[PDB]
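Structure record follows, encoded as structure tokens.
A quick note on method: Cβ atoms are made from the backbone with ideal geometry, for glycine too, and the neighbour counts reach across all protein chains shown. The values are calculated or read from the model by the stated rules, or taken from the named source; no laboratory read-out is quoted.
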């Protein structure tokens, strides 16, 4: 096994130029941690050897910007457009089709950047590790790649010099979209204000007004100073041997550098002595939203540095105690006070920065109450100092921590790297941060030996700490108007300062960039795989449906879930009246948080968090793979629990079915308002999803109903519901849904658990099931534009293909991945400047066309017209089809955690006879078939086309009478 061998490194062993410094076991996580340092370049290596296939490698570079120009983000964003060993254009989004990797993506945060990737096939791991090593340590920083990828000047047509020069770029629109997010605006301003001393004072992502002050030479110097491997943290996770990683790294990249000192350390923020206060302004509230109540307030403190692991542990626990749940002091003080609608952005602990900053505050309040809120918060802290915390809540919190320690996930390496990145960015020993068990034992001991421990901590960091702050934000109806005007003024200031020779230079450089883009060029220099590497057969999983008292089919699975238990239960909806369908999402939202039998919502929530590890309920619409318009709707009462707490949880579920409290009204108002706000916030960050859903509404009964359950109609409805003052008519609906959905008539349960816990689970599930009651489609074309005050655009469009078992559906899943990887990724992201775009084939058979953060709309609708023409013409080689197969078979074979194998058969009904049937219709894909399927479905007049676009108002779009404006 990986762990046993990995526990066999002796202190002081030289391994391919590395050195052994510390090895430790982590049994609560079942892994082994190894710390190594290179004898010359000083880069740190962390190896988390753990017996899981999906291995991960990540390289980290501390990027400490000193301005808002946005240099570290663009340096990260551009080194994915060539290098020395692979001078081909775009090595990254070409290796997205020459690898079996399930994750391959890169991140950049305030004071660091980090390139991880995780995969399962060792040869593919070696290939992509070489690609990253070369494409970060030795990139050819073409100025034209900076022009394409960062910011540049360009006419409305690089061929015509008679149209004005505007800014273009991908990072530019990326940040425009990122700061379309009011939460992000607030958090950015808060971090800048509370930490104004040093690098956190400036927008490391670059402000959409301060990007143009960045020049190519600055970028090259930032790279030459920051990406030297003395600023390199290497982190690898999984079962592949260590010698491979170290040998490849040392004898590929590290040998060509020498030791420097990375004078980049972020210094401590100076302590204030007087509480401060500020004011920021943001964009308006989406649609019909009362202008009065849109203010936001915070009171954010300053916690110690995260070099001391235990102090940060204790303060994280304390913040969770103070903020989370209807049993927390600030929930009772602030949330139920009737002023706000939710907590503030970044509420609770935030250890992202060098020093943690607790935050707390409302939003949706009226301005005149700000001092009120402040007083509340201040007063509330006082109360805690004189009371403390109820012991049962502490026990529930520790139980939840234990659950999150034990629950097995598919992507453990990614979570480990994204969890230790911040703490290890600042010379902090990361092994100590992995040992949750040791620190929980320490926490229990320290809490027991002194009863007032948490009271003293709250006093020390909330009473006697002067580094407070009180930020307050207000909506401006013309915030983005002002941003556009100042950007236009900056454009004019930058343009008139240019000689005609430089104008001709810009024009010729734009033409050369266009040539470098649209020229069909080579990619053979990169390593790759073959479809002879995709495994031919997948192992089968053991299922055993067991009818239990008396017609309830109850699947079971025996997985190594580490002593945890995963109950699930799908209950249908066919007998429900049609008029109560829209509120079914609301019913599921409030079902598990209103009162169960003899308990009230605070007691029930304390139970739920004491016994289980979460108890949700969320409607699904599952389509059928033997007919186009056959769908099974229904709610999925998922759950989770430790082994011992199994009957208790099950009793809870019975209580939730038999006796839900539909008369607690104040907490229902609170939950409705809070969740409606939470749905109103999210429309930007998932604009393409909403657009695609509204487009595909009219194609499929399943599509229309999924639009009702999660489309824009849902947020519209919830906004209408949280506005009302009389919530009686809505709370009088819930019994009518409980009497149709909380029974055992049309219900199929499921269980995942270790075999040793299988008979006890049999008994408990049967007890629960005995403890419950036992009582033409014509596709049609619609267009729709949603007026949304955003800078960037979100475009959707759908096509109606054939469902899963149809032979043609198999080939389309290669074409859809083919168009994205070759044609759409170029004519949308690299040319149109968007953040993302392409096509997918939904499991139901909807060929959807989407765009993510698109500066333009009509071109993309036309770029989609050129998408079918390019495919129908067959202008792709045979290896291109070999590329798509390698891609899809890295998506279809994405590893599944013990918690869900197999939930596809339980939900969608895919027996391993039908998966292998489809898996071989994909190996049987040839050039002639892609031509045969493309001209059949995607052609004009061959299907129905539903369109939907989210974005700012546009003259041409609003003109066409063939469009609907909403």
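With respect to residue 319, determine if the residue is touching a helix residue (DSSP H, G or I) at 6+ places or on another chain (Cβ under 9 Å) and either surrounded by 20 or more Cβ atoms within 10 Å (Cβ to Cβ) or within 30 Å of residue 199 (Cβ to Cβ) (or both).
Working: touching a helix residue (DSSP H, G or I) at 6+ places or on another chain (Cβ under 9 Å): no; either surrounded by 20 or more Cβ atoms within 10 Å (Cβ to Cβ) or within 30 Å of residue 199 (Cβ to Cβ) (or both): yes.
Considered against the rule, which asks whether it is touching a helix residue (DSSP H, G or I) at 6+ places or on another chain (Cβ under 9 Å) and either surrounded by 20 or more Cβ atoms within 10 Å (Cβ to Cβ) or within 30 Å of residue 199 (Cβ to Cβ) (or both), residue 319 comes out as no.
Please enumerate the residues belonging to segment 731-747 that are surrounded by fewer than 18 Cβ atoms within 10 Å (Cβ to Cβ) and either assigned to a helix (DSSP H, G or I) or in contact with a strand residue (DSSP E or B) (Cβ under 6 Å, 6 or more places away or on another chain) (or both).
Listed by number, the residues that qualify are 735, 736, 739.
Scan segment 667-692 for residues that are in a helix (DSSP H, G or I) and over 26 Å from residue 400 (Cβ atoms) and jot them down. So that I can check it myself, show each step before the final result.
Here is the first cut: in segment 667-692, the ones in a helix (DSSP H, G or I) are 667-681, 684-692.
Scanning segment 667-692 gives 669, 676, 680, 684, 685, 686, 687, 688, 689, 690, 691, 692.
Report the residue count in segment 407-432 for those that are surrounded by 15 or more Cβ atoms within 10 Å (Cβ to Cβ) and outside any loop (DSSP other than H, G, I, E, B).
Here the count works out to 13.
Has segment 290-305 got at least one residue that is within 30 Å of residue 18 (Cβ to Cβ), in the same structural domain as residue 471 (by CATH) and crowded, with 16+ Cβ neighbours inside 10 Å? Even if it seems obvious, please write down each step before you answer.
At the first step, the residues of segment 290-305 found to be within 30 Å of residue 18 (Cβ to Cβ) are 305.
This time we only want the ones that are in the same structural domain as residue 471 (by CATH), so: 305.
From the residues that got through so far, the ones that are crowded, with 16+ Cβ neighbours inside 10 Å too are 305.
The answer is yes, given that some residue of segment 290-305 is within 30 Å of residue 18 (Cβ to Cβ), in the same structural domain as residue 471 (by CATH) and crowded, with 16+ Cβ neighbours inside 10 Å.
What helices (runs of 4 or more DSSP H) lie completely within segment 821-924 and have 2 or more residues being within 26 Å of residue 174 (Cα to Cα) and not assigned by CATH to the domain that holds residue 89? Walk me through how you get there before you give the answer.
Details: elements: 858-872, 878-891, 903-907, 912-923.
Result: 858-872, 878-891.
Collect the residues in segment 593-611 that are surrounded by fewer than 17 Cβ atoms within 10 Å (Cβ to Cβ) and in a loop (DSSP other than H, G, I, E, B), keeping them in residue-number order.
Within segment 593-611, 597, 598, 600 meet the criteria.
Taking the conditions exactly as written (surrounded by fewer than 15 Cβ atoms within 10 Å (Cβ to Cβ) and either assigned by CATH to the domain that holds residue 669 or touching a strand residue (DSSP E or B) at 6+ places or on another chain (Cβ under 6 Å) (or both)), does residue 560 satisfy them or not? So that I can check it myself, show each step before the final result.
Details: surrounded by fewer than 15 Cβ atoms within 10 Å (Cβ to Cβ): yes; either assigned by CATH to the domain that holds residue 669 or touching a strand residue (DSSP E or B) at 6+ places or on another chain (Cβ under 6 Å) (or both): yes.
It is true that residue 560 is surrounded by fewer than 15 Cβ atoms within 10 Å (Cβ to Cβ) and either assigned by CATH to the domain that holds residue 669 or touching a strand residue (DSSP E or B) at 6+ places or on another chain (Cβ under 6 Å) (or both).
Tell me which residues, restricted to segment 9-35, are more than 31 Å from the chain's Cα centre (by Cα) and outside any loop (DSSP other than H, G, I, E, B).
Applying the first criterion (more than 31 Å from the chain's Cα centre (by Cα)) to segment 9-35 yields 9-24.
Passing the criteria: 14, 15, 18, 19, 20, 21, 22, 23, 24.
Residues being in a loop (DSSP other than H, G, I, E, B) and within 27 Å of residue 149 (Cα to Cα): count how many of those fall in segment 38-72. Outline the logic, then answer.
Of all residues in segment 38-72, those in a loop (DSSP other than H, G, I, E, B) come to 38-43, 50-54, 62-70.
Then drop every residue that is not within 27 Å of residue 149 (Cα to Cα), which leaves 62-70.
So the answer is 9.
For the structure I just gave you, tell me whether residue 203 is surrounded by 23 or more Cβ atoms within 10 Å (Cβ to Cβ), in a helix (DSSP H, G or I) and in contact with a helix residue (DSSP H, G or I) (Cβ under 7 Å, 6 or more places away or on another chain).
Working: surrounded by 23 or more Cβ atoms within 10 Å (Cβ to Cβ): yes; in a helix (DSSP H, G or I): no; in contact with a helix residue (DSSP H, G or I) (Cβ under 7 Å, 6 or more places away or on another chain): yes.
No, not satisfied.
Out of 565, 590, report the one residue that is within 28 Å of the chain's Cα centre (by Cα), on the phi < 0 side of the Ramachandran plot and not in a helix (DSSP H, G or I). Steps first, please.
Values: 590 fails: not in a helix (DSSP H, G or I).
The conditions single out 565.
Which of the residues that make up segment 767-785 are touching a helix residue (DSSP H, G or I) at 6+ places or on another chain (Cβ under 9 Å) and surrounded by fewer than 21 Cβ atoms within 10 Å (Cβ to Cβ)?
Our first condition is that a residue be touching a helix residue (DSSP H, G or I) at 6+ places or on another chain (Cβ under 9 Å); within segment 767-785, this holds for 767-768, 771-773, 775, 777, 782-785.
Across segment 767-785, the qualifying residues are 767, 771, 772, 773, 775, 777, 782, 783, 784.
Of all residues being part of a strand (DSSP E or B) and out of contact with any helix residue (DSSP H, G or I) (no Cβ under 6 Å at 6 or more places or on another chain) in segment 786-815, which is nearest to residue 553 (Cα to Cα)? Just the residue, please. Working first, answer last.
Taking segment 786-815 and keeping what is part of a strand (DSSP E or B), we get 786-787, 793-800.
Add one more test, that the residue is out of contact with any helix residue (DSSP H, G or I) (no Cβ under 6 Å at 6 or more places or on another chain), and what stays is 786-787, 793, 799-800.
Working: 786: 44, 787: 47, 793: 46, 799: 36, 800: 34 Å.
Filtering segment 786-815 for residues that are part of a strand (DSSP E or B) and out of contact with any helix residue (DSSP H, G or I) (no Cβ under 6 Å at 6 or more places or on another chain), the one nearest to residue 553 (Cα to Cα) comes out as 800.
For segment 791-831, enumerate the residues that are under 30 Å from residue 681 (Cα atoms) and surrounded by 22 or more Cβ atoms within 10 Å (Cβ to Cβ).
792, 793, 794, 795, 796, 797, 798, 799, 820, 824, 828, 829
Just checking, does segment 266-282 include any residue being closer than 21 Å to residue 609 by Cα and not in a loop (DSSP other than H, G, I, E, B)? Full working, then the answer.
Initially, segment 266-282 is screened for residues closer than 21 Å to residue 609 by Cα, giving none.
No, every residue in segment 266-282 fails to be closer than 21 Å to residue 609 by Cα and not in a loop (DSSP other than H, G, I, E, B).
With 553, 500, 475 as the choices, which residue is surrounded by fewer than 16 Cβ atoms within 10 Å (Cβ to Cβ) and more than 30 Å from residue 900 (Cα to Cα)?
On the way: 553 fails: more than 30 Å from residue 900 (Cα to Cα); 475 fails: surrounded by fewer than 16 Cβ atoms within 10 Å (Cβ to Cβ).
The conditions single out 500.
For residues in segment 118-132 being in a helix (DSSP H, G or I) and under 26 Å from the mean Cα position of the chain (by Cα), which is farthest from residue 99 (Cα to Cα)? Before you say what the answer is, go through the steps one by one.
Filtering segment 118-132 down to residues in a helix (DSSP H, G or I) leaves 122-132.
From what's left, under 26 Å from the mean Cα position of the chain (by Cα): 124-125, 128-129, 131-132.
On the way: 124: 6, 125: 9, 128: 8, 129: 11, 131: 11, 132: 13 Å.
Only one residue fits best here, namely 132.
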